[PDB]
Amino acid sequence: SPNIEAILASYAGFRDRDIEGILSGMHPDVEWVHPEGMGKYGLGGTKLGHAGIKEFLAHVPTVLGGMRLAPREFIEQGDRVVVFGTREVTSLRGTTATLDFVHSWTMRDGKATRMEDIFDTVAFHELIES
């Protein structure tokens, strides 16, 4: 399916620490959204476009030692896809946790116009501070 394979190309880019692969599913106008409760670490709110994603990704190593995604379920209807999964998150002190994620994708002409990450920010903060 065409929306799904563009989403997978992006997840593959993340797996391979490959920004070009990540953007290979994103529209230039894409909206990149993370919970407002990550504002304390400078990772909340909306970033715009390919440049905004790079800004976000350049900040992450300031907060975390590592992250690995495991998408598990894809629910699709139209230009919307919701992906449920887990991720391994490593703190700057080497502590590692498995946490849940939901990615809500909005597509058009085969690329993402919006990707929003929704997750338990308290549990995430607890990992960051451990």
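Position 1 is the first residue in the sequence shown; the rest follow in order.
- The stretch 24-32 shows the higher mean C-alpha B-factor when 61-69 is compared against 24-32 in the entry.
- Look at the C-alpha B-factors of 114-122 and of 9-17. On average they run higher in 9-17.
- For the set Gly45, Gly85, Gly94, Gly78, the PDB entry puts the maximum C-alpha B factor at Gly78.
- Residues shown: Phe56, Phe74, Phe101, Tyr41. Highest C-alpha temperature factor in the entry: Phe74.
- Sorting the modelled residues of the chain by their CA temperature factor places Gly49 in the highest third.
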